[PDB]
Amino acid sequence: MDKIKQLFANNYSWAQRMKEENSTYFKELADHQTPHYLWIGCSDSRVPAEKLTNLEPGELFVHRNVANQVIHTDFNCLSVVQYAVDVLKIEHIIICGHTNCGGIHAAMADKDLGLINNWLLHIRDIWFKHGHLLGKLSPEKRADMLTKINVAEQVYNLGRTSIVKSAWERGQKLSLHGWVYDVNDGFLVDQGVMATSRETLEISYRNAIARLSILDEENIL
């Protein structure tokens, strides 16, 4: 209103300032025609992907949804992956989770929020998968563990899609990554699930969970 009019003014000021400087930005960008990374992050979008990775303009192909999920039967996410992998021939897909995630917390609370709750049931199913692990943890540290287990689970989901299986069976080079950053520092931490094939997917996911299962005593009660 005031806000939208501002936004257009902000934008104009920027775009025009880019003209009055014949700015290479839109030239540099158009030369990176095709992205090299598919980035699956959360709609929370706290610290922008472009800022975490400092990749140049147009390098990232991006999907965001609530709590950075790759649901087995989500047409939306799968289309993005199939297009990225089969059409764009992208060789890295990054799933990025983040701490203090609204979806993670909502998946965890009892409030019935409406339609989103259904979306969040998959995180709840995951929470239950590692219920022993998570109840062996401090209530105020659970959201953070769950965020990481989530990322690891989402990578495992990604690597089980028929799109990714079929890209690997057919020879394509494709690596899967699962990372989290603390919103207070923005350090990307690899969660351990990294696959370039079906066998490394399974070995890698089992190892990551095993690794997540050794608790620092500053996490236990």
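Position 1 is the first residue in the sequence shown; the rest follow in order.
S.K.: Hey, which bit's got the bigger mean C-alpha B factor in the entry, 21-29 or 204-212?
M.R.: Taking the mean C-alpha B-factor of 21-29 and of 204-212, the larger value falls to 21-29.
S.K.: So which stretch wins on mean C-alpha B-factor, 72-80 or 104-112?
M.R.: Of 104-112 and 72-80, the stretch with the higher C-alpha B-factor average is 104-112.
S.K.: Highest recorded C-alpha temperature factor, please, choosing from 165, 63, 173, 51.
M.R.: Of 165, 63, 173, 51, 51 has the highest C-alpha B-factor.
S.K.: For residue 140, does the deposited CA B-factor place it in the lowest, middle or highest third of the chain?
M.R.: As the PDB entry reports it, the C-alpha B-factor of residue 140 lands in the highest third of its chain.
S.K.: Ordered by C-alpha B-factor within the chain, which third holds residue 185? Give me lowest, middle or highest, please.
M.R.: It belongs to the highest third of the chain when residues are ordered by C-alpha B-factor.
S.K.: By the recorded C-alpha temperature factor, relative to the other modelled residues in its chain, which third is residue 154 in?
M.R.: It falls in the bottom third of the chain.
S.K.: Splitting the chain's C-alpha B-factors into thirds, which one does residue 34 fall into?
M.R.: Highest third of the chain for residue 34's C-alpha B-factor.
S.K.: Within this chain, which third does the Cα B-factor at residue 192 fall in: lowest, middle or highest?
M.R.: Tercile = middle for this residue's CA B-factor.
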